[PDB]
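Only one structure is covered here, and it is reproduced in the block below.
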Amino acid sequence: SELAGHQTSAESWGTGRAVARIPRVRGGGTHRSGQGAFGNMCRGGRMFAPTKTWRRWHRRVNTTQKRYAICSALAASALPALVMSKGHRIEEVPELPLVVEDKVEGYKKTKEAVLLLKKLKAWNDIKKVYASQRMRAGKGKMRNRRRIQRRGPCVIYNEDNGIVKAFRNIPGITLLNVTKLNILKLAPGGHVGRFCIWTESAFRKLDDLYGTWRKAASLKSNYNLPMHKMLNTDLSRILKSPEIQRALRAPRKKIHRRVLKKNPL
Amino acid sequence: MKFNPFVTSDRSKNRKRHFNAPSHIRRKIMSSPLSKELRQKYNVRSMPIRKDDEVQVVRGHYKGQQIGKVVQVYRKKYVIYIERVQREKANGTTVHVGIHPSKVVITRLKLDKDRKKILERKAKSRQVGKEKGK
Amino acid sequence: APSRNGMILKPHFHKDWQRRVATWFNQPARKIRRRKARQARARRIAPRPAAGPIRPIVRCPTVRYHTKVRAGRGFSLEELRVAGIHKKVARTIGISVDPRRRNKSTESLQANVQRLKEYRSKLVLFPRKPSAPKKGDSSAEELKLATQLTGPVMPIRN
RNA sequence: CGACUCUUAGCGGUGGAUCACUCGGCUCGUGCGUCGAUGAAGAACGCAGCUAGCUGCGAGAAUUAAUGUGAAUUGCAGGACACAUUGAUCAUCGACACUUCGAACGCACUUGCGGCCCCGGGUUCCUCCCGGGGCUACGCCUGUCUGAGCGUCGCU
RNA sequence: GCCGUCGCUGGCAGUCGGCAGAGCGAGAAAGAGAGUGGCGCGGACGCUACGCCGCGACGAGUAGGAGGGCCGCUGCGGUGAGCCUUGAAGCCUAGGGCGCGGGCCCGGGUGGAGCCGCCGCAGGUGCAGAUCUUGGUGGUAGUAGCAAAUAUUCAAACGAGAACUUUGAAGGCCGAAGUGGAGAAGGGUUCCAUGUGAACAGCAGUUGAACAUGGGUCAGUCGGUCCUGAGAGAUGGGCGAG
RNA sequence: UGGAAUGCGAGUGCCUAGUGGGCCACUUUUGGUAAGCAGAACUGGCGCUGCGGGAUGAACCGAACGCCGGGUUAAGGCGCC
RNA sequence: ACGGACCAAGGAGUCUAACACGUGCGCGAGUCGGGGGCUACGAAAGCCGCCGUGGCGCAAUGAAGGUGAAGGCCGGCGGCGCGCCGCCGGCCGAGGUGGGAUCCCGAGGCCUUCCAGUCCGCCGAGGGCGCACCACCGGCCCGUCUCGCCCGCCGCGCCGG
RNA sequence: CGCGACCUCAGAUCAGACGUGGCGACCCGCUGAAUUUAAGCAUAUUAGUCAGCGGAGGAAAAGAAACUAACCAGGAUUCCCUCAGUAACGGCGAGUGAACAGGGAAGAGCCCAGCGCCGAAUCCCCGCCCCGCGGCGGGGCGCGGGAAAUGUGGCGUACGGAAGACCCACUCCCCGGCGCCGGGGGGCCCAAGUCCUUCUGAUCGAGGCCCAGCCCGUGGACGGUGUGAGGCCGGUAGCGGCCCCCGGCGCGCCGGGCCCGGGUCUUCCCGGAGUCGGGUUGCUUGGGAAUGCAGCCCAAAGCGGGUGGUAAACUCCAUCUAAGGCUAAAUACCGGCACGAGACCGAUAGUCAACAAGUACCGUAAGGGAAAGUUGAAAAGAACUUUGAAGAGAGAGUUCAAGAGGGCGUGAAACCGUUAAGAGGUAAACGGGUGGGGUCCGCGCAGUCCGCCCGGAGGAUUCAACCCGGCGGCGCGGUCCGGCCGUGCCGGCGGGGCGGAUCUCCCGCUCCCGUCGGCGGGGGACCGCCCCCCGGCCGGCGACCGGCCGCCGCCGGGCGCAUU
Ligand SMILES: [Mg+2]
Ligand SMILES: [Mg+2]
Ligand SMILES: [Mg+2]
Ligand SMILES: [Mg+2]
Ligand SMILES: [Mg+2]
Ligand SMILES: [Mg+2]
Ligand SMILES: [Mg+2]
Ligand SMILES: [Mg+2]
Ligand SMILES: [Mg+2]
Ligand SMILES: [Mg+2]
Ligand SMILES: [Mg+2]
Ligand SMILES: [Mg+2]
Ligand SMILES: [Mg+2]
Ligand SMILES: [Mg+2]
Ligand SMILES: [Mg+2]
Ligand SMILES: [Mg+2]
Ligand SMILES: [Mg+2]
Ligand SMILES: [Mg+2]
Ligand SMILES: [Mg+2]
Ligand SMILES: [Mg+2]
Ligand SMILES: [Mg+2]
Ligand SMILES: [Mg+2]
Ligand SMILES: [Mg+2]
Ligand SMILES: [Mg+2]
Ligand SMILES: [Mg+2]
Ligand SMILES: [Mg+2]
Ligand SMILES: [Mg+2]
Ligand SMILES: [Mg+2]
Ligand SMILES: [Mg+2]
Ligand SMILES: [Mg+2]
Ligand SMILES: [Mg+2]
Ligand SMILES: [Mg+2]
Ligand SMILES: [Mg+2]
Ligand SMILES: [Mg+2]
Ligand SMILES: [Mg+2]
Ligand SMILES: [Mg+2]
Ligand SMILES: [Mg+2]
Ligand SMILES: [Mg+2]
Ligand SMILES: [Mg+2]
Ligand SMILES: [Mg+2]
Ligand SMILES: [Mg+2]
Ligand SMILES: [Mg+2]
Ligand SMILES: [Mg+2]
Ligand SMILES: [Mg+2]
Ligand SMILES: [Mg+2]
Ligand SMILES: [Mg+2]
Ligand SMILES: [Mg+2]
Ligand SMILES: [Mg+2]
Ligand SMILES: [Mg+2]
Ligand SMILES: [Mg+2]
Ligand SMILES: [Mg+2]
Ligand SMILES: [Mg+2]
Ligand SMILES: [Mg+2]
Ligand SMILES: [Mg+2]
Ligand SMILES: [Mg+2]
Ligand SMILES: [Mg+2]
Ligand SMILES: [Mg+2]
Ligand SMILES: [Mg+2]
Ligand SMILES: [Mg+2]
Ligand SMILES: [Mg+2]
Ligand SMILES: [Mg+2]
Ligand SMILES: [Mg+2]
Ligand SMILES: [Mg+2]
Ligand SMILES: [Mg+2]
Ligand SMILES: [Mg+2]
Ligand SMILES: [Mg+2]
Ligand SMILES: [Mg+2]
Ligand SMILES: [Mg+2]
Ligand SMILES: [Mg+2]
Ligand SMILES: [Mg+2]
Ligand SMILES: [Mg+2]
Ligand SMILES: [Mg+2]
Ligand SMILES: [Mg+2]
């Protein structure tokens, strides 16, 4: 409150009365009279630099950089190592990316959704979300944030015909529309490699949404994939190639440690 | 998950509306499950506990198969008093121990005109729901 | 005090500017409120075009913009007169009228006259009493095909 | 020797830090956007079986009626020929009610003085006395009635 | 000898293995070159390359600048199939240790319901001071003091308890401009009876104007009420943005 | 025959805090009787800096500082402390 | 010299705006949707493209009226007298000097029984193309000053170049 | 003298109405500082801001040009973006500072006086009848009263309007009643474990619940309940259900009003004054030889007047039409009612106020204004005995715990009591180096472990080699087949999408005589790129593999039966 600490008429006694010069509360007859006021060192005073509502809470991010992030999150979602390193139990999902026929877009019952995750071997990720459900340390409990859990798979669909109502009650699941992808859901915490399940219709729109290298995006007015700064990243293969190996000088892998100086005399 | 914009999941608000609930709301809050036999007979799961109901304690020090009559519904303290669920004070006078209605099971229902009307409504809404899915 | 090279700045913060800071946290709510009012207005006036009445073509003033035409306020009385539309009737069939505007040249006059005649061709007109069709009312066959037009009516382009 | 003193540790005090809790705040957002002479806001004084404050209410005073609900309220007692269509309690709230002051209005602000009309009891029509009720404030609009003017006139 | 910094913008992708052959530190440029004619199945470690290794020099510091913190506090997104009533946070500890240090870990006790590690994000984020704020506690200290207005003593009663209460008797004082008997203003129940002796009455109290439970103010004639006083104050009128 | 000796890797650009009270000593030096006075030049110091000696000491003499072992020294010392 | 008897908790470079430079990321002579619109977390995110209006950048200069960013050679003609100006048509063409990481060429040379001469590499005097950057010298655009001879025409001008 | 009209002005407790006061977050009208900055200060700034006064409403105010402009022109008001920290103002210092255009939100336009024509065609009120009556109205009847010619009503208002003539076209538009049919408030309800072991004071904890995976799940928000709960209860979900009330929207009947328009000609009519404008003063603005406002003086015109950002004369142009009025929306909202949420604070924090807080208490008054949360799961709140006058104790008892005993969770430091150990004449304390003594720790006390080999004793799910089967790695298989496939290159009558400031038979509107020319609307061709089909070369399969053949490795089963 902009008034906190200032709803008083405190006045400094000045010097000469053997007390600090902080403004003091007026009148008498109560504990409050003659006490420090206003200053941020005082009990019941005004905090230093009171917080304002016009703090800059919101950040503009360029559209091109946002799309870059969506492209890097999807690329990192097709690599088992990155999905594994995100803690997802995908040790038995048959393939990555995991594409499932469009029938699921018409699921209605939560039991169909659970049965599909079990036959895709995506149920161990859910059981891992059930294990992580616990209470949150700290004041967040007092502020409607008592329960914490980890994220499960992300299901990406083209059209919703009950799939959202089918899956929304399974903890850890997130439903995403292929044409409205979010980096806050694809890369929770800023770390790439969320396990994603794709419907066939959603998987077929990706080229149009983000364009190939040869063909620009069709559903984005003017966009194409970000170019690679390094076409071949297999550094070990590059260094062991005969071309590079022919230009190398012989390695010097002999250690010449310090010699103890003995007096010749 | 809750989607109603006009229902608060705020912890402070929910607790306040629990501990400041008016008497006719505390009645609904003070509801007990029916025994398995009663549930099959009436198709109802829960009833607001009432005086002269016979219940089983299923949690706490006094749990057990003994069936006693409800002798007082102290809605202010959110507890009910049951026959023989009692202890002695220092001076030896016996005192009832309060049990929350959600920790008992209703084995016999005190039935009158209104209680039968309430049971019928609950069984009817359940049937509409069961056929709605079917 | 100035320190080495720099710009001389004169910030306009010598008043009680904190007393009059307009934050914009109600912006998403405003956008939802306006959208909810557009949809409720489109339903109310359906099948009439949601965008509103048809607007005339006009040339932007000054030499910075006179190369561009845009949507005006309303059709001039001369344009309505040349197209044979009564100025009081015009608004009742979704035509915007501007009694203030003049027509200095014939070309702009005729461009808007053609605009009106074209609009009068696409206008589906319902009978006042559905059971009693009248002289000008559109035929029953073309009424069942009437739909609410979204976006400005006959959009203006350069 | 032992006092006294210092240090460290156990235990005990003094104190109320810390931690955990939160029916409170604060901030943002949304819908609505409603006082009063038909007496508002505010104030005073009262009202409970036991009740000081808070709360609620107004001499019908921790409330009446009606509607919904359906067996309590409760700290103790009590049960009206209180309690299941003879409806406990709570909630709602459209009926009825709502003391004194207060724009506050008969005049004044001490519960001081009146005035007009009607009713009732005193005795015994009228008077007189007591009580009850209703009116008696400023400004202002329309209209009504009663008037004023060596104001402008007309007939006498 | 060890620690760190700086420098060599130093070395290591060559772990090239039985599809093998072990080197490139050596004073003095450039190839351990290619070819054409005249029995056993074996061989340490390494390499979070933001990593690892070597060699040499160096190291004071206020004001001030910079870097690095696996230093510390609170909350958010991720993660730890993390911890926890078989005991969380907190707190105490002549217990065992770690780190140059900021600090941290483990043992034991108490406690009773939550909490922490890592990658990021965020900040009302680190106290010895400000005659700092608020709260608490010391020494001083069982100390200064409980000394203005002449004064008490004897016996008994109640009582657990008597210098201080009550009664009786002495000795004193105020000495009618009183320490007497009544009022105004102010107080507001302090008045009266009974009870208590927790707190208060700067010792004590069997006592109190304290606390507790109940009572008590009766009018034609005594005041207000009425009059006007100095004065205050409406209406008419004037002024006035109001 | 990179045209004296010696030593040493240099050039360059942005942004920039604190400071803007100083004071002391050899030599030189103005005013003043002089001052632990006031004012200058040069270098070096204290301020910002510990350490050995001067018993003690901002500045003197020696010497500058990571945590250690051995050895040797400086300026100073070696009756006893 | 001043504050500090003691203990606990609290206690002081923050937030908004503007600017400067440095750094990181995106795109790039462009870039940016911030305002608007479309389509529980979510007030998020996604999209717009005839929503890029608009900002900043892409052009400077002058008070302003305003103007507004290389030339050389060949052939022919008119004028003045091999040289100069103007007009035509064809060729080439964004400067030069010094330094300059890097790159390129290569006199000769890098051994094993001895000669000839090959294929791959490798060092190297000397010699070239010369990045960025710096110094210097020229050029071009706008203002202004001096000098001076011409060229254009729907307006023959106190015109324009 | 009297009587009677009108005018002007009075009195009524006359009949019926209306204003007052409050709240004030936002809004309109006034009035209006000084701290402050200028490193002083006076103009300036602060600031048209605080304070002061008045008036409102759900919004207010504004608002349909006496506008902007100078363009090929726009076209009420308000708000957002930008214009723009710009034109401009300024001890030209400090500082201040708009508008137009452009893009959006929203969008709505109108009415008088006047000039005229209609027999005042107009209005209020009283009485009676019908209807309706908690928004007092509709119809009818009164030689009922009044207002009003010192001007009410209808037509009509700058976009022009009116009357007449002529052609053309017209029956639904509204008011008051009565009846029938398809969003809002309230109430009541609607899934599934208290299953089997077990921890606990109690548990919502742990483990289990056949293939499969306890059960529900459009419900795994939250809260409660003796931890920690989707399934115990309330709820949550749901285009779920039932019941009331209100509203909105259609359809008929009755009694009323209106007797309604377009074009072309003829003739007519047309506007707001102590206002504009000018001088001067004061304030105000970015407005500068004066932006706006106000006082005083002067004081208009009618082809006039106003504006046209440098004073003035002359002259062309442009653009409006002042001095009367109404008007939703987009906009604002720290007050009010009712809600939802949060990277916020967490009892010295957060509002002063988590609690009998604007309370207690202080001040004559205006005003000033705190402190203060926590037993326990449950009061089970300690009966009874005993000492004491009592306060207090000792036993006993409740509880998981009183080592939680009514200001009771935890229970720090300072300070103090006692106990234990050590010590003590240069105040204490402190750095370095040892030594002595304790507290405890090593859960020490005949002292490591590992590999190979030698030897003695034993015991085997017994070794190699071969056979069968599975899997795997690699293959330059010098060049095996098949596949996908090239961000490769070539030939396609290839079947297409996107783009183009590359070219061009059909139509809509439009100028001119039934023709011919112009705008806009579409094919087509062409070029660039991409996708998909087909054929050939080279190519990958190390971000992208199968079948066969070979080699090798591993595993399972045989056989090996013992100098391994
Ligand atoms: Mg505070
Ligand atoms: Mg914590
Ligand atoms: Mg500075
Ligand atoms: Mg002790
Ligand atoms: Mg009372
Ligand atoms: Mg009632
Ligand atoms: Mg009832
Ligand atoms: Mg009086
Ligand atoms: Mg250093
Ligand atoms: Mg200690
Ligand atoms: Mg607890
Ligand atoms: Mg914080
Ligand atoms: Mg402190
Ligand atoms: Mg003494
Ligand atoms: Mg005394
Ligand atoms: Mg007396
Ligand atoms: Mg007396
Ligand atoms: Mg005493
Ligand atoms: Mg007394
Ligand atoms: Mg007066
Ligand atoms: Mg000197
Ligand atoms: Mg200093
Ligand atoms: Mg120095
Ligand atoms: Mg030194
Ligand atoms: Mg000496
Ligand atoms: Mg030494
Ligand atoms: Mg001082
Ligand atoms: Mg002091
Ligand atoms: Mg602190
Ligand atoms: Mg930058
Ligand atoms: Mg939200
Ligand atoms: Mg009256
Ligand atoms: Mg100043
Ligand atoms: Mg100053
Ligand atoms: Mg001053
Ligand atoms: Mg001003
Ligand atoms: Mg004000
Ligand atoms: Mg007011
Ligand atoms: Mg008012
Ligand atoms: Mg109102
Ligand atoms: Mg407008
Ligand atoms: Mg700009
Ligand atoms: Mg100046
Ligand atoms: Mg200003
Ligand atoms: Mg504009
Ligand atoms: Mg719009
Ligand atoms: Mg008229
Ligand atoms: Mg007009
Ligand atoms: Mg349920
Ligand atoms: Mg729970
Ligand atoms: Mg279980
Ligand atoms: Mg739960
Ligand atoms: Mg379960
Ligand atoms: Mg339910
Ligand atoms: Mg529901
Ligand atoms: Mg007008
Ligand atoms: Mg005017
Ligand atoms: Mg002024
Ligand atoms: Mg001004
Ligand atoms: Mg001019
Ligand atoms: Mg208005
Ligand atoms: Mg507190
Ligand atoms: Mg507080
Ligand atoms: Mg405290
Ligand atoms: Mg705290
Ligand atoms: Mg407090
Ligand atoms: Mg506490
Ligand atoms: Mg507790
Ligand atoms: Mg305990
Ligand atoms: Mg405890
Ligand atoms: Mg406590
Ligand atoms: Mg305690
Ligand atoms: Mg001792």
Side-chain angles (χ1 to χ4, degrees), chain A residues 1 4 7 18-20 26-32 36 40-43 47-49 51-55 60 62 64-65 68 87 110 118 128 131-132 135 137-139 142 150 165 169 171 180 182 184 188-191 213-215 221 239 250-256 258, chain B residues 1-3 5-6 8-9 12 14-16 18-20 22-24 28-29 31 33 46 50-51 58 60 87 89-92 97 100 102-103 112 114 121-122 125-126 128-129 132, chain C residues 6-7 9-11 14 25-26 28-29 34 58-66 73 77 98-101 105 114 117 157:
Chain A
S1 181
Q7 308 175 99
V19 294
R26 312 261 263 156
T30 169
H31 285 130
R32 191 68 176 119
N40 60 310
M41 65 268 269
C42 303
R43 165 193 186 284
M47 74 144 93
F48 158 71
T51 52
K52 298 302 207 273
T53 56
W54 54 84
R55 194 203 292 253
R60 285 192 68 238
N62 282 2
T64 307
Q65 267 163 308
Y68 209 133
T110 302
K118 283 179 171 177
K128 187 173 170 163
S132 75
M135 234 45 64
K139 293 289 190 303
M142 261 173 234
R150 63 158 291 132
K165 290 189 167 172
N169 205 58
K180 305 211 277 261
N182 196 346
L184 301 176
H191 311 318
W213 310 98
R214 298 165 55 81
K215 182 178 62 168
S221 56
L239 298 173
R252 290 192 280 264
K253 49 181 58 162
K254 183 159 176 170
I255 313 304
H256 300 289
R258 166 185 162 202
Chain B
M1 175 46 80
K2 182 265 289 173
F3 308 117
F6 301 92
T8 191
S9 49
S12 291
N14 268 125
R15 273 162 59 69
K16 191 187 190 175
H18 177 271
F19 292 114
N20 291 279
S23 188
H24 86 297
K28 198 143 72 195
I29 287 148
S31 311
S46 326
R50 189 213 195 282
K51 197 173 174 188
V58 301
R87 63 175 296 138
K89 289 167 68 67
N91 60 23
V97 182
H100 202 261
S102 76
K103 299 286 151 288
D112 41 298
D114 278 40
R121 275 191 75 76
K122 296 172 167 269
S125 304
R126 203 188 192 83
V128 167
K132 189 199 99 145
Chain C
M7 199 171 286
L9 301 167
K10 288 189 177 176
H14 295 92
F25 304 131
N26 65 336
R34 282 164 170 184
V58 310
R59 202 150 276 272
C60 308
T62 79
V63 301
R64 177 171 183 194
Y65 293 108
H66 61 186
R73 184 195 176 76
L77 298 184
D98 192 1
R100 278 183 294 279
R101 190 154 71 74
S105 54
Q114 174 54 72
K117 291 180 164 178
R157 285 185 154 200

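Heavy-atom basis, side chains included; hydrogens, waters and symmetry copies ignored. Quick note on labels: first sequence line is chain A, next is B, and so on, each numbered from 1.
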Q: Identify, between C:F25 and A:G138, the residue whose nearest nucleotide on RNA chain D lies closer to the 5' end.
A: A:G138
**Q.** Any N/O donor-acceptor pair, A:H191 side-chain to E:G77 base, under 3.5 Å
**A.** yes
Q.
If you go through the side-chain atoms of A:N62, does one of them form a donor-acceptor pair with the base of G:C32 closer than 3.5 Å?
A. no
Q. Is the shortest side-chain N/O distance from A:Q65 to OP1 or OP2 of G:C25 below 4.0 Å?
A. no
Q: Give the nucleotide from the list H:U399, H:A101, E:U131 with an atom nearest to the side chain of C:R64.
A: H:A101
Q: Verify the contact: side-chain N or O of A:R214 to OP1 or OP2 of H:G528, cut-off strictly under 4.0 Å; return yes or no.
A: no
Q. Is H:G19 paired with H:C452, either Watson-Crick or G-U wobble, both distances below 3.5 Å?
A. no
Q: Report the nucleotide, chosen from E:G1, H:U218, H:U348, that has the shortest atom-to-atom distance to any side-chain atom of B:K132.
A: H:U218
(Q) Positive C1'-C2'-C3'-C4' counts as north, negative as south. Which one applies to H:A39? (A) south
Q) Should A:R150 be listed as having a side-chain N or O under 4.0 Å from OP1 or OP2 of E:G78? A) no
Q: Give a yes/no on whether any side-chain N or O of B:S12 is located under 4.0 angstrom from OP1 or OP2 of D:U22.
A: no
Q.
Can you confirm whether more than 12 heavy atoms, excluding those of A:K52, are under 6.0 Å from its NZ atom?
A. yes
Q. Based on the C1'-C2'-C3'-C4' torsion angle, does the furanose ring of D:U152 adopt a north or a south pucker?
A. north
Q. Where the side chain of A:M135 is concerned, which of H:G234, E:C53, E:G114 is the nearest nucleotide?
A. E:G114
(Q) I'd like to know if A:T30 reaches the base of H:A360 with its side chain, counting only an N/O donor and acceptor under 3.5 Å. (A) yes
Q: Go ahead and name the base partner of H:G179; Watson-Crick or wobble counts if both distances stay under 3.5 Å, otherwise write none.
A: H:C251
Q.
Please determine whether a side-chain nitrogen or oxygen atom of A:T110 lies at a distance below 4.0 Å from atom OP1 or OP2 of H:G219.
A. yes
Q: Please figure out whether B:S23 or B:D114 has its closest RNA chain D nucleotide nearer the 5' end.
A: B:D114
(Q) Any side-chain N or O of C:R100 below 4.0 angstrom from OP1/OP2 of H:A65? (A) yes
(Q) Below the 4.0 Å mark, does H:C189 have OP1 or OP2 next to a side-chain nitrogen or oxygen of B:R126? (A) no
Q) If pairing requires Watson-Crick or G-U wobble contacts with both distances under 3.5 Å, which nucleotide is the partner of H:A229? A) H:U194
Q) Pick the nucleotide of RNA chain G nearest each of A:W54 and C:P28; which residue has the one closer to the 5' end? A) A:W54
Q) Counting only side-chain N and O atoms of C:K10, is one of them less than 4.0 Å from OP1 or OP2 of H:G97? A) no
Q: Specify the closest pair of heavy atoms between A:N40 and A:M47, including all atoms of both residues, with the distance to one decimal.
A: CB-C, 4.0 Å
Q. Any side-chain N or O of A:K52 less than 4.0 Å from the OP1 or OP2 oxygen of D:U27?
A. no
Q: Give a yes/no answer on whether the side chain of A:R55 brings an N or O atom under 4.0 Å of OP1 or OP2 in G:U16.
A: no
Q. Looking only at side-chain N and O atoms, does A:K139 come under 4.0 Å of OP1 or OP2 in H:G346?
A. no
Q: Report the base-pairing partner of H:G153 (Watson-Crick or G-U wobble, both distances below 3.5 angstrom), or none.
A: H:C118
Q. E:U196 pairs with which nucleotide, Watson-Crick or G-U wobble, both distances below 3.5 Å?
A. E:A210
**Q.** Residue C:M7, side-chain atoms from C-beta onward, closest of H:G240, D:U27, G:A20
**A.** G:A20
(Q) Which nucleotide, if any, forms a Watson-Crick or G-U wobble pair with D:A95, using both distances under 3.5 Å? (A) D:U64
Q) Ignoring hydrogens and angles, does a donor from either the side chain of A:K165 or the base of H:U218 sit under 3.5 Å from an acceptor on the other? A) yes
Q: For A:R150 and A:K128, run side-chain contact (heavy atoms from CB on, under 4.5 Å): C-alpha distance rounded to whole Å, both residues' side-chain angles, the deciding distance at 0.1 Å, then the answer.
A: CA-CA 8 Å; A:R150 63 158 291 132; A:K128 187 173 170 163; 3.7 Å; yes
Q.
Measuring from the side chain of A:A18 (C-beta onward, heavy atoms only), which nucleotide among D:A84, H:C232, E:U131 has the closest atom?
A. E:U131
Q. Going by the sign of the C1'-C2'-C3'-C4' torsion, is the sugar of H:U321 north or south?
A. south
Q) More 5' along RNA chain G: C:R34 or A:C42, using each one's nearest nucleotide? A) A:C42
Q.
Taking only side-chain N and O atoms of A:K118, does any of them lie within less than 4.0 angstrom of OP1 or OP2 on H:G213?
A. no
Q: Taking all heavy atoms of C:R59 and all of C:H66, pick out the closest pair and write down the distance.
A: NH1-O, 2.6 Å
Q. Would you say A:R26 reaches H:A370's phosphate, i.e. side-chain N/O to OP1/OP2 under 4.0 Å?
A. no
Q: Would you indicate, yes or no, if D:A71 has its OP1 or OP2 atom less than 4.0 angstrom from a side-chain nitrogen or oxygen of B:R50?
A: yes
Q. Have E:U179 and E:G120 got a Watson-Crick or G-U wobble pairing, both distances under 3.5 Å?
A. no
(Q) Let's see if you can work this out: which of G:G26, G:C19, H:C190 has an atom nearest to the side-chain heavy atoms of B:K122? (A) H:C190
Q: Return the nucleotide paired to G:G66: Watson-Crick means purine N1 to pyrimidine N3 with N6-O4 or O6-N4, wobble means G-U with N1-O2 and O6-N3, both under 3.5 Å.
A: G:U61
Q | Pucker class of H:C159, where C1'-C2'-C3'-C4' positive means north and negative means south | A | south
Q) Should G:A101 form a Watson-Crick or G-U wobble pair with both distances under 3.5 Å, which nucleotide is its partner? A) none
Q) Are A:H256 and E:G54 stacked, counting the six-membered base ring, centres under 5.5 Å, planes under 30°? A) no
(Q) I'd like to know if A:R252 reaches the base of E:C24 with its side chain such that a donor and an acceptor end up less than 3.5 angstrom apart. (A) no
Q.
Return the pairing partner of H:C136 with a 3.5 Å limit on both distances, Watson-Crick or G-U wobble; otherwise return none.
A. none
Q) For A:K165 and A:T110, which heavy atoms make the closest approach, and how far apart are they? A) O-OG1, 4.1 Å
Q. Taking N and O atoms by type only, does the side chain of A:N169 place a donor or acceptor under 3.5 Å from a partner on the base of H:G217?
A. yes
Q) Quick one: B:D112 CG to D:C83 P, roughly how many Å, whole number? A) 16 Å
Q: Ignoring the backbone of B:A90, work out which of H:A383, G:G54, G:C19 is nearest its side chain.
A: H:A383
Q) Are the six-membered base rings of G:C50 and G:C51 less than 5.5 Å apart at their centres, with planes tilted under 30 degrees? A) no
